[PDB]
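Trainee: Shown below is the structure under consideration.
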Amino acid sequence: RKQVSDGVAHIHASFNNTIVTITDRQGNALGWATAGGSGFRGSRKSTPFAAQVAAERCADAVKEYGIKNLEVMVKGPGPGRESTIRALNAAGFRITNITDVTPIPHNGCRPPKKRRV
RNA sequence: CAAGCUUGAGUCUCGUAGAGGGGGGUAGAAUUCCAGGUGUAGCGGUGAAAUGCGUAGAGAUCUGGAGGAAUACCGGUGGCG
């Protein structure tokens, strides 16, 4: 548990959940928190409020590392794309960059079939 | 039947556009898998769940590798056959 002061907030904003992982510049994870692990199951898990409290709890899992400036890498179409960024900025964090890294295949693999719901 | 004619039908000259066809090569993004680092209790999924994966360390993230398939943007009641 040494001091970093330079982190990256990897937000995995899926349709069903939101996973926030704070790593250093190299990519080694220091702490993480999810919407499902913050007391939300089912319908409450895929909400911007659950993502916000997950970003709040993940920012507390790295208080021993003393991060002052951290990057934001958003990935996924689900809710909590901007809610986690707001919850990270409100937690006393200097957001230096925000980046969308959602994977886009250049017409690669075949996706599953449509749901006849 | 015989001889014609050039307007139908073709040949030649010079260019133009095109996912037209057959063969070979190669590029990047992504999925999956394998090995390793960080890291910890969830992940995944749904109307809600459960089956399923996960403390034998999953999911997340980072690095390297393997393999196959299809070619985002261009891209368009656009083009060729």
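Each chain in the structure tokens gets a letter, A, B, ..., in the order shown, and its residues are numbered from 1; ligands are numbered from 1 in order too.
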Would you give me, as a Markdown table, each residue of chain A having an atom within 9 Å of an atom of chain B, along with its shortest atom pair and that distance in Å to one decimal, using only C-alpha atoms (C1' of nucleotides) and sorting by chain and residue number?
Mentor:
| residue | atom | partner | partner_atom | distance |
| --- | --- | --- | --- | --- |
| A:10 | CA | B:61 | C1' | 7.6 |
| A:11 | CA | B:60 | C1' | 8.9 |
| A:12 | CA | B:60 | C1' | 7.7 |
| A:16 | CA | B:45 | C1' | 8.3 |
| A:19 | CA | B:60 | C1' | 7.0 |
| A:20 | CA | B:60 | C1' | 7.7 |
| A:21 | CA | B:60 | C1' | 6.2 |
| A:22 | CA | B:61 | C1' | 8.5 |
| A:23 | CA | B:61 | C1' | 7.1 |
| A:26 | CA | B:62 | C1' | 6.7 |
| A:27 | CA | B:62 | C1' | 4.6 |
| A:28 | CA | B:38 | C1' | 4.0 |
| A:29 | CA | B:38 | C1' | 5.1 |
| A:30 | CA | B:39 | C1' | 6.1 |
| A:31 | CA | B:39 | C1' | 6.7 |
| A:32 | CA | B:60 | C1' | 7.7 |
| A:34 | CA | B:42 | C1' | 8.8 |
| A:36 | CA | B:42 | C1' | 8.2 |
| A:37 | CA | B:42 | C1' | 6.8 |
| A:42 | CA | B:48 | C1' | 7.3 |
| A:43 | CA | B:48 | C1' | 8.4 |
| A:103 | CA | B:30 | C1' | 6.7 |
| A:104 | CA | B:30 | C1' | 6.2 |
| A:105 | CA | B:30 | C1' | 4.0 |
| A:106 | CA | B:72 | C1' | 4.0 |
| A:107 | CA | B:71 | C1' | 5.5 |
| A:108 | CA | B:70 | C1' | 4.8 |
| A:109 | CA | B:31 | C1' | 5.9 |
| A:110 | CA | B:70 | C1' | 7.9 |
Trainee: Emit the selected residues as a PDB file, in the first residue's frame, including C-alpha atoms.
Mentor:
ATOM      1  CA  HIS A  10     -12.003   1.570 -15.604  1.00  0.00           C
ATOM      2  CA  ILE A  11     -15.811   1.676 -15.769  1.00  0.00           C
ATOM      3  CA  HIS A  12     -17.462  -1.441 -17.212  1.00  0.00           C
ATOM      4  CA  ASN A  16     -27.190  -5.547 -16.361  1.00  0.00           C
ATOM      5  CA  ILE A  19     -18.136  -2.585 -12.559  1.00  0.00           C
ATOM      6  CA  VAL A  20     -15.695   0.139 -11.493  1.00  0.00           C
ATOM      7  CA  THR A  21     -12.007  -0.750 -11.225  1.00  0.00           C
ATOM      8  CA  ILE A  22      -9.291   1.720 -10.235  1.00  0.00           C
ATOM      9  CA  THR A  23      -5.820   0.749 -11.431  1.00  0.00           C
ATOM     10  CA  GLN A  26       0.344   0.365 -15.891  1.00  0.00           C
ATOM     11  CA  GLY A  27      -2.924  -1.528 -15.362  1.00  0.00           C
ATOM     12  CA  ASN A  28      -2.538  -3.288 -12.001  1.00  0.00           C
ATOM     13  CA  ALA A  29      -5.860  -3.125 -10.171  1.00  0.00           C
ATOM     14  CA  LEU A  30      -5.847  -1.513  -6.723  1.00  0.00           C
ATOM     15  CA  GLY A  31      -9.536  -1.729  -5.827  1.00  0.00           C
ATOM     16  CA  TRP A  32     -12.908  -2.474  -7.341  1.00  0.00           C
ATOM     17  CA  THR A  34     -19.761  -3.304  -8.429  1.00  0.00           C
ATOM     18  CA  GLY A  36     -24.450  -5.951  -7.468  1.00  0.00           C
ATOM     19  CA  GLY A  37     -21.958  -6.034  -4.601  1.00  0.00           C
ATOM     20  CA  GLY A  42     -32.263  -7.534 -10.046  1.00  0.00           C
ATOM     21  CA  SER A  43     -33.905  -4.316 -11.182  1.00  0.00           C
ATOM     22  CA  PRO A 103     -15.080  -2.380 -28.168  1.00  0.00           C
ATOM     23  CA  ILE A 104     -16.350  -2.035 -31.734  1.00  0.00           C
ATOM     24  CA  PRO A 105     -15.770  -5.019 -34.047  1.00  0.00           C
ATOM     25  CA  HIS A 106     -15.104  -4.114 -37.678  1.00  0.00           C
ATOM     26  CA  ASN A 107     -17.764  -6.653 -38.691  1.00  0.00           C
ATOM     27  CA  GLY A 108     -16.129  -9.566 -36.902  1.00  0.00           C
ATOM     28  CA  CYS A 109     -17.912 -12.310 -34.981  1.00  0.00           C
ATOM     29  CA  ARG A 110     -21.601 -13.120 -35.329  1.00  0.00           C
TER      30      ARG A 110
END
Trainee: With DSSP run on the backbone, what are the strand (DSSP E or B) residues within chain A? I'd like them as a ChimeraX atom specification.
Mentor: /A:6-13,18-24,29-34,69-75,94-100
Trainee: Mind writing the picked residues with N, CA, C and O atoms as a compact mmCIF listing (two decimals), in the first residue's frame?
Mentor:
# COMPACT_ATOMS: atom_id res chain seq x y z
N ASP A 6 -1.63 8.69 -9.34
CA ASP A 6 -1.83 8.63 -10.79
C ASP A 6 -2.56 7.32 -11.08
O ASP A 6 -1.93 6.26 -11.15
N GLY A 7 -3.87 7.40 -11.25
CA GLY A 7 -4.66 6.21 -11.46
C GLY A 7 -5.51 6.25 -12.71
O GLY A 7 -5.49 7.23 -13.45
N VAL A 8 -6.25 5.17 -12.96
CA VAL A 8 -7.20 5.09 -14.06
C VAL A 8 -8.46 4.42 -13.53
O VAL A 8 -8.37 3.39 -12.85
N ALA A 9 -9.62 4.99 -13.84
CA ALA A 9 -10.90 4.46 -13.38
C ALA A 9 -11.55 3.72 -14.55
O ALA A 9 -12.13 4.35 -15.44
N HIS A 10 -11.44 2.40 -14.54
CA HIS A 10 -12.00 1.57 -15.60
C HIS A 10 -13.45 1.25 -15.26
O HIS A 10 -13.72 0.48 -14.34
N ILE A 11 -14.38 1.85 -16.00
CA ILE A 11 -15.81 1.68 -15.77
C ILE A 11 -16.35 0.71 -16.81
O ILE A 11 -16.29 0.98 -18.02
N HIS A 12 -16.89 -0.41 -16.35
CA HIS A 12 -17.46 -1.44 -17.21
C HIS A 12 -18.98 -1.34 -17.07
O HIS A 12 -19.58 -2.01 -16.23
N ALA A 13 -19.59 -0.50 -17.90
CA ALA A 13 -21.01 -0.17 -17.79
C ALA A 13 -21.80 -1.09 -18.71
O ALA A 13 -22.12 -0.73 -19.84
N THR A 18 -22.71 -2.69 -13.44
CA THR A 18 -21.68 -1.68 -13.62
C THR A 18 -20.51 -2.00 -12.71
O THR A 18 -20.68 -2.05 -11.48
N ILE A 19 -19.34 -2.23 -13.30
CA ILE A 19 -18.14 -2.59 -12.56
C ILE A 19 -17.13 -1.45 -12.68
O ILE A 19 -16.77 -1.05 -13.80
N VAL A 20 -16.68 -0.93 -11.55
CA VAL A 20 -15.70 0.14 -11.49
C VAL A 20 -14.41 -0.43 -10.92
O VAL A 20 -14.42 -1.04 -9.84
N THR A 21 -13.31 -0.25 -11.64
CA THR A 21 -12.01 -0.75 -11.22
C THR A 21 -10.99 0.38 -11.35
O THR A 21 -10.84 0.96 -12.43
N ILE A 22 -10.32 0.69 -10.25
CA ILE A 22 -9.29 1.72 -10.23
C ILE A 22 -7.92 1.05 -10.24
O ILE A 22 -7.58 0.31 -9.32
N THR A 23 -7.15 1.32 -11.28
CA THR A 23 -5.82 0.75 -11.43
C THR A 23 -4.81 1.88 -11.50
O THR A 23 -5.17 3.06 -11.52
N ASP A 24 -3.53 1.51 -11.52
CA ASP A 24 -2.47 2.49 -11.71
C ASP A 24 -2.29 2.74 -13.20
O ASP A 24 -3.09 2.30 -14.03
N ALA A 29 -4.69 -3.57 -10.92
CA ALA A 29 -5.86 -3.12 -10.17
C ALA A 29 -5.52 -2.93 -8.70
O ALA A 29 -4.84 -3.75 -8.08
N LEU A 30 -6.01 -1.83 -8.14
CA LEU A 30 -5.85 -1.51 -6.72
C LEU A 30 -7.11 -1.76 -5.92
O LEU A 30 -7.03 -2.19 -4.76
N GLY A 31 -8.27 -1.48 -6.49
CA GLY A 31 -9.54 -1.73 -5.83
C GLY A 31 -10.65 -1.75 -6.84
O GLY A 31 -10.52 -1.24 -7.95
N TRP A 32 -11.77 -2.35 -6.44
CA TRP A 32 -12.91 -2.47 -7.34
C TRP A 32 -14.19 -2.55 -6.53
O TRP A 32 -14.18 -2.95 -5.36
N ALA A 33 -15.29 -2.15 -7.16
CA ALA A 33 -16.61 -2.27 -6.58
C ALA A 33 -17.63 -2.36 -7.70
O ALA A 33 -17.42 -1.82 -8.79
N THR A 34 -18.73 -3.06 -7.44
CA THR A 34 -19.76 -3.30 -8.43
C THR A 34 -21.11 -2.85 -7.90
O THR A 34 -21.28 -2.57 -6.72
N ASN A 69 -4.95 12.48 -8.92
CA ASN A 69 -5.33 12.63 -10.32
C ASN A 69 -5.51 11.25 -10.94
O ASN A 69 -4.60 10.43 -10.91
N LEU A 70 -6.70 11.01 -11.50
CA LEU A 70 -6.97 9.70 -12.09
C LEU A 70 -7.75 9.88 -13.38
O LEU A 70 -8.51 10.84 -13.54
N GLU A 71 -7.53 8.95 -14.30
CA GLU A 71 -8.18 8.94 -15.60
C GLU A 71 -9.46 8.13 -15.55
O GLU A 71 -9.68 7.31 -14.65
N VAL A 72 -10.32 8.36 -16.54
CA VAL A 72 -11.61 7.68 -16.65
C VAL A 72 -11.68 7.03 -18.02
O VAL A 72 -11.56 7.71 -19.05
N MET A 73 -11.89 5.72 -18.05
CA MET A 73 -12.05 4.95 -19.28
C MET A 73 -13.40 4.24 -19.22
O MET A 73 -13.54 3.21 -18.57
N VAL A 74 -14.38 4.81 -19.91
CA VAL A 74 -15.74 4.27 -19.91
C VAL A 74 -15.85 3.22 -21.01
O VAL A 74 -15.37 3.42 -22.13
N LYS A 75 -16.49 2.10 -20.68
CA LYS A 75 -16.68 1.01 -21.63
C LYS A 75 -18.03 0.36 -21.38
O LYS A 75 -18.32 -0.07 -20.26
N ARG A 94 -9.43 14.48 -9.06
CA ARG A 94 -9.17 15.36 -10.20
C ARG A 94 -9.23 14.54 -11.48
O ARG A 94 -8.28 13.86 -11.84
N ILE A 95 -10.37 14.61 -12.17
CA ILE A 95 -10.54 13.90 -13.43
C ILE A 95 -9.72 14.60 -14.50
O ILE A 95 -10.02 15.74 -14.88
N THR A 96 -8.68 13.93 -14.98
CA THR A 96 -7.79 14.53 -15.97
C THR A 96 -8.23 14.24 -17.40
O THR A 96 -8.24 15.14 -18.24
N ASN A 97 -8.60 12.99 -17.69
CA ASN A 97 -9.11 12.63 -19.00
C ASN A 97 -10.32 11.72 -18.84
O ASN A 97 -10.43 10.98 -17.86
N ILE A 98 -11.22 11.79 -19.82
CA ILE A 98 -12.33 10.85 -19.96
C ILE A 98 -12.25 10.26 -21.35
O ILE A 98 -12.11 11.00 -22.33
N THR A 99 -12.34 8.94 -21.45
CA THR A 99 -12.14 8.24 -22.71
C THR A 99 -13.17 7.13 -22.85
O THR A 99 -13.42 6.39 -21.89
N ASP A 100 -13.76 7.01 -24.03
CA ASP A 100 -14.66 5.91 -24.32
C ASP A 100 -13.89 4.82 -25.06
O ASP A 100 -13.36 5.06 -26.15
Trainee: Would you please give, as a PyMOL selection string, all residues of chain A that DSSP assigns to helix (DSSP H, G or I) based on the backbone?
Mentor: chain A and resi 36-38+48-60+63-65+83-90
Trainee: To one decimal place, how far is atom CA of residue 55 of chain A from atom CA of residue 93 of chain A in Å?
Mentor: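 Calculated distance between atom CA of residue 55 of chain A and atom CA of residue 93 of chain A is 11.6 Å.
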Trainee: Rank nothing, just name the residue among A:52, A:38, A:5, A:102 nearest to residue 77 of chain A, using only C-alpha atoms.
Mentor: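 Among the listed residues, the smallest separation from residue 77 of chain A belongs to A:102.
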Trainee: Quick one: distance from atom CA of residue 83 of chain A to atom CA of residue 47 of chain A in Å, one decimal?
Mentor: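 Atom CA of residue 47 of chain A lies at a distance of 9.4 Å from atom CA of residue 83 of chain A.
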Trainee: Rounded to one decimal in Å, what is the spacing between atom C1' of residue 12 of chain B and atom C1' of residue 80 of chain B?
Mentor: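 Pair atom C1' of residue 12 of chain B / atom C1' of residue 80 of chain B returns 26.1 Å.
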Trainee: Considering only C-alpha atoms (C1' of nucleotides), return as a list in words whatever protein or nucleic-acid residues lie within 10 Å of residue 92 of chain A, sequence-local ones (same chain, fewer than 4 positions apart) excluded.
Mentor: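 My reading of the contact set: residues 59, 67, 68, 69, 87 and 88 of chain A.
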